[PDB]
**Q** 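Would you mind keeping the following structure in view while I ask a few things?
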Amino acid sequence: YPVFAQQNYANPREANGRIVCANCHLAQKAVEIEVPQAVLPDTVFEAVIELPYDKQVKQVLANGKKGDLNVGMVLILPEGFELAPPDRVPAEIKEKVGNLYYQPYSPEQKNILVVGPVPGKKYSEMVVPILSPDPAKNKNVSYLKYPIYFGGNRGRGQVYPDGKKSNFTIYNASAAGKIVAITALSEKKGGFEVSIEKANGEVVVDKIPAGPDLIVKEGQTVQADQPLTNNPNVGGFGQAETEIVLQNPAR
Ligand code: HEC
């Protein structure tokens with residue numbers, strides 16, 4: 001979730017340009033962002049973001065069942081740019097934005113906005129109302145070309161803040177050997193227990209939560225780290241970058 005980034009990373013963008021969501025949302029799926037090529041000072045403009053995905057394909061939910069995907073994003077604007085206050089957003093634009101609550105990455109970073117989780121079936125396309133700064137009022141800003149960075153995600157992550165895998169990723173064999181047993185991890189709650197007999201004779205048990213499907217069978221020999229399941233992840237994270245020129249009024 002965006003909050004996972006907010007709580008563990010002061011800067012959502014790394015030196016090489018990678019956005020932190022990518023540290024847990026391991027699959028890449030393209031996104032798009034569009035803004036006017038230029039904007040006048042103290043003016044409200046729109047950033048249109050696209051987080052496309054196949055709305056017919058379901059994901060594994062935290063409860064182990066299948067369900068719809070949700071989306072979220074982080075938008076890094078130049079210092080001086082901020083979410084446009086409601087009083088400055090035209091009714092026509094509020095209509096396009098919809099029932100969304102854009103929040104600052106932190107109270108001290110009003111130029112970085114996040115949103116989500118929100119339903120992907122409704123928000124695979126989102127509109128963000130932005131208020132441009134004013135050089136004649138702000139010294140830290142000039143009339144030049146500024147970059148805008150965007151990270152958009154759809155679907156649950158593969159790893160949690162504590163480093164533990166979610167039920168929405170691939171599970172692998174902890175050791176090499178022959179699968180001597182595969183049984184339910186519980187009397188309905190999904191999941192499996194895969195017993196692997198090592199060469200020395202020791203039998204290790206790999207626990208797999210409900211969600212992923214097995215691609216192995218009893219009697220089958222497996223090697224260390226070999227996938228025991230499919231990759232249930234049908235979502236993905238993507239990044240895009242654009243630019244906008246703060247235009248001088250000039251007259
Ligand atoms: C690892 C510490 C994570 C970081 C950094 C980010 N996300 Fe994440 N996200 C992660 C997990 C393990 C989960 C699943 C939670 C669960 O239900 O078990 C999520 C989930 C989301 C969601 C919801 C998706 C859905 O329900 O279909 C969204 C929209 C999402 N995450 C967005 C998101 C963004 C935009 C991030 C960067 C700003 C981000 N996440 C970072 C793990 C982690």
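FYI, the numbering just counts along the sequence from 1. These values consider heavy atoms only, across backbone and side chains, with no hydrogens, waters or symmetry-generated copies. Counting starts at 1 for both ligands and their atoms, in listed order.
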**Q** Write out the residue and atom name of the closest protein heavy atom to atom 27 (O) of ligand 1, then the distance separating them to 0.1 Å.
**A** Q59 NE2, 2.6 Å
**Q** Can you tell which part of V114 has a heavy atom less than 4.0 Å from ligand 1: side chain, backbone, both or neither?
**A** neither
**Q** Please could you name the atoms of ligand 1 that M73 approaches to less than 4.0 Å, counting only its heavy atoms?
**A**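 Within the 4.0 Å cut-off of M73, ligand 1 contributes 35 (C).
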**Q** Show me which atoms of ligand 1 lie under 4.0 Å from any heavy atom of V20.
**A**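 Matching atoms, with element in brackets: 5 (C).
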**Q** Is ligand 1 less than 4.0 angstrom away from at least one heavy atom of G151?
**A** no
**Q** With a cut-off of 4.0 Å, which atoms of ligand 1 are near a heavy atom of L69?
**A** 27 (O)
**Q** Tell me whether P161 reaches ligand 1 (any heavy atom closer than 4.0 angstrom to a ligand atom).
**A**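 Right, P161 reaches ligand 1.
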**Q** At less than 4.0 angstrom from any non-hydrogen atom of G72, what atoms of ligand 1 do you find?
**A**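 So the atoms of ligand 1 that pass are 29 (C), 35 (C).
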**Q** Can you report which non-hydrogen protein atom sits closest to atom 13 (C) of ligand 1, along with the distance?
**A** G157 N, 3.3 Å
**Q** Run the numbers on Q239 and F237 for side-chain contact (heavy atoms from CB on, under 4.5 Å), then give the verdict.
**A** CA-CA 7 Å; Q239 303 184 205; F237 174 70; 3.6 Å; yes
**Q** Could you tell me whether the side chain of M73 reaches within less than 4.5 Å of the side chain of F150, counting heavy atoms only?
**A**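 A side-chain contact under 4.5 Å exists here.
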**Q** List the closest protein heavy-atom neighbour of atom 38 (C) of ligand 1: residue, atom name, distance to the nearest 0.1 Å.
**A**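 Here the nearest protein heavy atom works out to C21 SG, 2.7 Å.
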**Q** Tell me: protein heavy atom nearest atom 32 (C) of ligand 1, and distance?
**A**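 The answer is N153 ND2, 3.5 Å.
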**Q** Do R88 and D42 sit within salt-bridge range, that is, some charged N less than 4.0 Å from a carboxylate O?
**A**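 A salt bridge links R88 with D42.
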**Q** Side chains of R156 and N167: do they bring a donor and an acceptor to under 3.5 Å?
**A**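 The criterion, which ignores hydrogens and geometry beyond distance, is satisfied for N167 and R156.
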**Q** If we only count heavy atoms from C-beta on, is the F168 to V234 side-chain gap below 4.5 Å?
**A**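 SC-SC contact between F168 and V234 confirmed.
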**Q** Note the single closest protein heavy atom to atom 29 (C) of ligand 1, along with its residue, its atom name and the distance in Å.
**A**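 Going atom by atom, the protein heavy atom closest to atom 29 (C) of ligand 1 ends up being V71 C, 3.2 Å.
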**Q** Going by the atom numbers of ligand 1, which of them fall below 4.0 Å from some non-hydrogen atom of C24?
**A**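 By the 4.0 Å cutoff, the relevant atoms are 1 (C), 2 (C), 3 (C), 4 (C), 5 (C), 42 (C), 43 (C).
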**Q** Going through the distances and angles, do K110 and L77 end up as a side-chain contact (heavy atoms from CB on, under 4.5 Å)?
**A** CA-CA 9 Å; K110 299 179 183 180; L77 303 165; over 6 Å; no
**Q** Atoms of ligand 1 less than 4.0 Å from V159 heavy atoms?
**A**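 Under 4.0 Å from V159, ligand 1 has these atoms: 1 (C), 12 (C), 42 (C).
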**Q** Check for me whether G155 has a heavy atom closer than 4.0 Å to any atom of ligand 1.
**A**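 In this structure, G155 qualifies as a contact of ligand 1 - some heavy atom is under 4.0 Å.
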**Q** Please tell me if the side chains of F81 and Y146 come closer than 4.5 Å, counting only heavy atoms from C-beta onward.
**A**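 Answer yes - side chains close enough.
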**Q** Can you tell me if CD on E46 sees more than 12 non-hydrogen neighbours from other groups inside 6.0 Å?
**A**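 Correct, the count exceeds 12.
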**Q** With salt bridge (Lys or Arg N to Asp or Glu O under 4.0 Å) as the criterion, how do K55 and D68 come out once you've worked through the C-alpha distance, each side chain's angles and the decisive distance to 0.1 Å?
**A** CA-CA 8 Å; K55 297 175 180 176; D68 296 317; over 6 Å; no
**Q** When you look for heavy atoms under 4.0 Å from ligand 1, do you find them on the side chain of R154, its backbone, both, or neither?
**A**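 It is neither; nothing of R154 touches ligand 1.
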**Q** Report yes if some N/O of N70 lies less than 3.5 Å from some N/O of ligand 1; otherwise report no.
**A**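 Looking only at distances, the answer is yes, because the N/O contact criterion of under 3.5 Å is met.
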**Q** Do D68 and ligand 1 have an N or O pair less than 3.5 Å apart?
**A** no
**Q** Does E241 CD have over 12 foreign heavy atoms under 6.0 Å away?
**A**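 Correct, the count exceeds 12.
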**Q** Which protein non-hydrogen atom lies closest to atom 41 (C) of ligand 1, naming both residue and atom, and how far is it?
**A** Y1 O, 3.3 Å
**Q** May I ask you to identify, for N8, whether its side chain, its backbone, both or neither come under 4.0 Å of ligand 1 on a heavy-atom basis?
**A**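 It is neither; nothing of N8 touches ligand 1.
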**Q** With rounding to the nearest 0.5 Å, note down the distance linking CG in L69 to CD in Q59.
**A**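 Answer rounded to 0.5 Å: 4.0 Å.
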**Q** Does any non-hydrogen side-chain atom of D213 lie less than 4.5 Å from one of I215?
**A** no
**Q** Please write down residue, atom name and distance for the protein heavy atom closest to atom 18 (O) of ligand 1.
**A**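 Result: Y160 OH, 2.5 Å.
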**Q** Could you check whether any side-chain heavy atom of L113 comes within less than 4.5 Å of a side-chain heavy atom of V128, counting everything from C-beta outward?
**A**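 They are in side-chain contact.
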**Q** Just to confirm my output: which protein heavy-atom neighbour is closest to atom 17 (O) of ligand 1, and how far is it?
**A**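 Sorting protein heavy atoms by distance from atom 17 (O) of ligand 1 puts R156 NE, 3.0 Å first.
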